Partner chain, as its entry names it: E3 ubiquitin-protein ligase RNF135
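The chain below stands alone, shown as structure tokens; this is the form solved without its partner chain.
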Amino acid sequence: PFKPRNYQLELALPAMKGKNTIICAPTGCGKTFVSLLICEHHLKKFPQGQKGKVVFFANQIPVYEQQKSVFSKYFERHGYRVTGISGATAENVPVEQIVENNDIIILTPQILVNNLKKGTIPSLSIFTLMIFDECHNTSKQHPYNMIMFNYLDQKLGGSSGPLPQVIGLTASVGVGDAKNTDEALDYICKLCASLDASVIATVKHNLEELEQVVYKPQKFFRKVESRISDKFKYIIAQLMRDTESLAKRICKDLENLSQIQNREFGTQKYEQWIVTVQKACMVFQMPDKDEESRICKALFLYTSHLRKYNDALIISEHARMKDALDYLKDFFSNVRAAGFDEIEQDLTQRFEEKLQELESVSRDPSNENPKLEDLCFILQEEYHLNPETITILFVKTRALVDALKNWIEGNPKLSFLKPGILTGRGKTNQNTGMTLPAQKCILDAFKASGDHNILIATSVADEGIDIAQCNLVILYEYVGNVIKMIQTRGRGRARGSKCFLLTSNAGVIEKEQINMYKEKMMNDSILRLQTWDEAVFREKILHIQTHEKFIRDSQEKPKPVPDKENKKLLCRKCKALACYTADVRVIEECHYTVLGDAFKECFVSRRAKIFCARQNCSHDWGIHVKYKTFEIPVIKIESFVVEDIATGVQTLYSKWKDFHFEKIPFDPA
């Protein structure tokens, strides 16, 4: 098998003494093997007749499966029962029967949180060792911190029997929210108090050997200047001005619906302003329901078109103009398909009047993004130096990931590249998402052998998944906190690797330099903490734990009183009566449906998605689901305005949990 290195034995030494240790070491050095050695030493120290129980908390399903496989192939030779519980595990052989029948359990923290809050697992005393992978996640409300809250509530006050030894496997404590070394040390002490850790054991003696396994790449900042002559921006800004003039002509009070004063086209401030204006335009009352519906539908269309124009302007500055033009054309084609209206056809004609010159200015070699030119130059130079380079180019959004893939594929200069996509799971309003087997299939094809040369990921390829060692870590306008910096920089650990930060905004380079200074502060604070006496640090973390427990035990009132007044759900686009709250049945607190035949005449089905039934509204109301034996349609509260019956207020709600009303359970009879 494997032979433990000297620094791997130095990192496991404080934890093999029985002390709660935070093992901070760079990515790719073998912290999983350190945890394996610690668990092997822990399970062997119990006398005959007694047995230890180790739990390993992983926060992701791929990481959970990988750690379960590793622990099973490593420990089932000794005769230990290794198991794993997750969300994909079938609801059989209950958890209290699994934990009691195994020695090593690979868990996700939410499963243990659920089993502790429901009373299945009464105490954490059934375990003798807890190993949190990526323990820097122990923070405000993370499930790691819920497990540690249970641990500390058992420790302080209600002193029950023995408590397990806690060990973390982070790579960066993340002093973030601090501005100097003292605040960084304070945050680090708070982190060791959250995990009840007294040692921050790092590699100090065998550092010449650790540097031969992992390599720290060289950071290079690339600040580019935005294009001076932007005619695409000119045309889209004229279209936005026309739409805004129409909306102001039909509303007359747009400048008082939001407090955004200085808003420019193509910014996030304008997006906030248009979202606020769209939300304020839905809550509109007047003693004329036809006029109210007409005004609200027209303002909905105007605000949606303005938001789409702003989205295209934001897309066109990080990618090609062809990408924003395709975004706008797809939006207009999909908005024509539902049903065209006088206002909507006027807007469509206004867009199509400028569509040809937009196509002409978008298909121009001179009007190309300078950021993309610098990216092409960097890729060309790197792949001319070493033609077997592999890149882990980091992107912020999924649309930009697809844009960069389509640009790399259609670039005559980047013919040596074979781009691969890696987005996160979970559907969105525009993208579908990548499942777990798709991510696994793409991650195995991206290696030094072939079948994939460059991976275009979005914040999913930097935390816990296993990727090949890259030689190029280009960050396409991608800056976060110090943890994200150390994580993305740690993706390329091959010898002689670079990490480029390409940006066109003076202030992002400053953010990354602040992150570097914060990493320096973090290292200095860890080194300063490692010199304290263990008793003084234990007293400090005990005082911190007592203070935080006192603060935490004073927040136990997060529950309002549910309302029972009758309220009507109207459409959000046309503001037509959809249904009443008295007809809304909820099945299992998650499947809010409508009971009645009057609602069946209000929606049209096109599983089958249900939309409004007005002349030209076609607003998405909900979807058909399949229960045990039923095919009832469920609705979404984010598609309706809630008007009171007695009063006339029309409050808006984002999710059903914000809407407090008398939710009657669904009954099939």
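Residue numbers count along the first chain shown, from 1. We call the rigid core the largest set of C-alpha positions that still match within 1.5 Å between the two forms.
Missing-residue comparison: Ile465 falls in the unmodelled set for a third or more of the other PDB entries checked. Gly433 is a gap in at least a third of the other entries compared, counting only those with both neighbours built.
Coordinates are absent for 10 or more residues of the deposited sequence placed between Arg606 and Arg607.
There is also a form deposited with its partner chain bound; it is not shown, and the following applies to it.
With its partner chain omitted here, the record of contacts in the deposited bound form names 372-380 of 87-95, 372-380, 137-145, 194-202, defined by a heavy atom within 4.5 Å. Among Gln356, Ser366, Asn334, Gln349, the residue placing a heavy atom within 4.5 Å of its partner chain in the deposited bound form is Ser366. With the partner omitted from this view, the residue of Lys289, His384, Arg552, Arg241 that lies near its partner chain in the deposited bound form is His384 [heavy atom within 4.5 Å].
In the deposited bound form, no residue of the candidate spot (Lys573, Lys600 and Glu643) has a heavy atom lying within 4.5 Å of its partner chain. Mapping the unseen interface onto this chain, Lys405 falls outside it, with no heavy atom inside 4.5 Å of its partner chain in the deposited bound form.
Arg222 belongs to the set of residues with a heavy atom inside 4.5 Å of its partner chain in the deposited bound form. Contact annotation for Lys308: none of its heavy atoms lies within 4.5 Å of its partner chain in the deposited bound form.
Residue contact with its partner chain in the deposited bound form: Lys413 places a heavy atom within 4.5 Å of it. Residue showing a CA shift of 2 Å or more between this form and the one not shown (rigid core superposed; candidates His205, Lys511, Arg241, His591): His591. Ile38 shows a C-alpha shift below 2 Å between this form and the one not shown [criterion: core-superposed Cα displacement of 2 Å].
If you fit the rigid core between this form and the one not shown, you'll see the Cα of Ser304 move by less than 2 angstroms. In the core-superposed comparison between this form and the one not shown, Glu388 has its Cα shifted by at least 2 Å.
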